[PDB]
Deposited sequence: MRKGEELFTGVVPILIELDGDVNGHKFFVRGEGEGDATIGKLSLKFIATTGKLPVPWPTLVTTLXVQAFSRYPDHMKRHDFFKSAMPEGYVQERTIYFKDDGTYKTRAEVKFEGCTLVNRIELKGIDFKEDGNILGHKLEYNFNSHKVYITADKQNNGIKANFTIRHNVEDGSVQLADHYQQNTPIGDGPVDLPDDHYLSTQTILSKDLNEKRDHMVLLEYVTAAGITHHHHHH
C-alpha cells in the first residue's frame, strides 16, 4: 500500500487475437488510489480495431481503489472468461505489477467464434460504459479472489449486448463490493484510432 499513497504512472499492453484478427493496444496515463482516479489513453497501434472499444475496458487495475494493493510490488495474475450472449468469448490472462515505478498491466486476449455482422465484429455498440457494483469473494482454493458479473453494453438500434465476466486473481481478503464508474472519450488532436478513458473506483 506504501506505493499507492500518490500518483502512479500506468503502462498497459494488450496483445489480442479475435477470430484471427490480431492487434496491439498501448495504454498510458496515471492512477491515484487516494481518490480512486484512473486517467488513461489507449492507442490501437495496429490500425482499426476489429472489436468495439467498450468491450476491452474491463480487460485494459483494481489496485487504484486490499488484496490488489498488498500483492504489490510482485503483482497479481488476472484471468478472465468473458461470455458475450448469442456470440463468442474473450479469454484473457494478465499480469499487474510494478516495473520500475510504473504499474504495468500486460494482457493476452483471445477472442473465439463470433458472428461477422454481429454486435462486436460489426461494431454496433455505443461508445460508452455503464457501472454496477461487483462482488469480490475469497477464492481460498487458489489463494486469491474471484468475481462474477455481467455487463450491459447499449446497441446502436436500442437493444442490449450482455457480457458475462468470470474472473480469478492470484498473487505472483474479506468479501466486499467494488464500484467502477467510467467515461470514454476522444482526443481532438489524435489521428489514430484511440480511446481516452476516465475511471473512478471505490470499495464498499
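Given the full deposited sequence, which segments carry no C-alpha coordinates? In the chain as deposited, 1 to 4, 65, 71 to 79, 187 to 193, 226 to 234 carry no coordinates.
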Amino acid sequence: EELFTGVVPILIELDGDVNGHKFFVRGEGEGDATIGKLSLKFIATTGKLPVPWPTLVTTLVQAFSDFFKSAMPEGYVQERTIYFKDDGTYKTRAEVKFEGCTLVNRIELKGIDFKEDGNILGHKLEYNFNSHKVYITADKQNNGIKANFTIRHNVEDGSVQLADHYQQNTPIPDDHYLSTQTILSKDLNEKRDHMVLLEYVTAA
From here on, numbers count along this sequence of modelled residues.
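By rigid core we mean the largest C-alpha set that fits within 1.5 Å across both forms.
Of the stretches 71 to 79 and 124 to 132, which sits farther from where it is here in 4 other deposited structures of this protein, on average over its Cα atoms, after fitting the core? It is 124 to 132 that deviates more in 4 other deposited structures of this protein.
Tell me whether residue 40 turns out to be unmodelled in at least a third of the other entries of this protein, restricted to those that model residues on both sides. No, none of the compared structures omit it.
Relative to the other compared entries, is residue 141 without coordinates in a third or more of them? Missing in at least a third of the others, so yes.
Quick check: 110 to 118 versus 123 to 131, which has the larger average CA B-factor in the record? Taking the mean C-alpha B-factor of 123 to 131 and of 110 to 118, the larger value falls to 110 to 118.
Average Cα temperature factor in the PDB entry - higher stretch of 97 to 105, 82 to 90: The deposited B-factors put 82 to 90 ahead on the C-alpha mean.
Of the residues 173, 54, 31, 50, the one carrying the largest Cα B-factor as recorded: Of 173, 54, 31, 50, 173 has the highest C-alpha B-factor.
Sort 62, 179, 148, 46 by C-alpha B-factor from the entry and give me just the highest. Reading the PDB entry, the winner on C-alpha B-factor is 148.
Residue 36: which third of its chain by C-alpha temperature factor? Ranked within chain, residue 36 CA B lands in the lowest tercile.
By its CA B factor, does residue 188 count among the lowest, middle or highest third of the modelled residues in the chain? Top third by C-alpha B-factor.
Place residue 143 in the lowest, middle or highest third of its chain's C-alpha B-factors, as listed in the PDB entry. It belongs to the highest third of the chain when residues are ordered by C-alpha B-factor.
Classify residue 169 as lowest, middle or highest third according to the C-alpha B-factor given in the PDB entry, relative to its own chain. Residue 169: CA B-factor falls in the middle third of its chain.
Entry-reported Cα temperature factor of residue 26, expressed as the chain third it lands in: Within its chain, residue 26 is a lowest-third residue by C-alpha B-factor, going by the deposited values.
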